[PDB]
């Protein structure tokens, strides 16, 4: 969560990023997340808790500080996934940007729909739900993000340790919350190491 350098990113913003991610992963794991394809997203049997990672934030920073809205190429973030977001409000509070970015990515579920088949098929990936799927990717347990105030945008980049969005793999295992992990509160649905 912390022990990160004084590099332009604030503790408040890191906190918000992590809290939003774990909170939203919990909502999904508990069967409480509204799915645009109908009903709610399926309950998750072993949705893993995320931790904040300063090293992942550094590579997210490398993208953000370029002030060009685009995905970085894989080898500029070796082994990591990535979500990107922008707002025209360039001087936005960094925690506010974290909240807005996290909501925009997660919103893909409610807006575009995913459905009850969580295998990441070519069909599913091409529908543009890939920011959401990375946020709730079961095996992704490291989060690191950077918010950069650019000339004409606030630019937010999050990166994700173990990369998610592996084609042909399930986003997460379906089952009752905590049913396939030990360190997990049935009312939260998040598995700790």
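What we label the rigid core is the largest C-alpha set whose atoms superpose within 1.5 Å from one form to the other. Numbering follows the first chain given and starts at 1.
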How do 177-185 and 20-28 compare in 4 other deposited structures of this protein: which one has C-alphas farther from this form after the rigid core is matched? 177-185
Of 66-74 and 143-151, the one with larger mean CA B-factor: 66-74
State which stretch shows the higher mean Cα B factor in the entry: 26-34 or 162-170. 162-170
Against its chain's modelled residues, does residue 124's Cα B factor rank lowest, middle or highest third? highest
CA B-factor placement of residue 190, once the chain's modelled residues are sorted into thirds: lowest
For residue 117, does the deposited CA B-factor place it in the lowest, middle or highest third of the chain? middle
By the entry's values, the third containing the CA B factor of residue 82 is the lowest
Place residue 100 in the lowest, middle or highest third of its chain's C-alpha B-factors, as listed in the PDB entry. middle
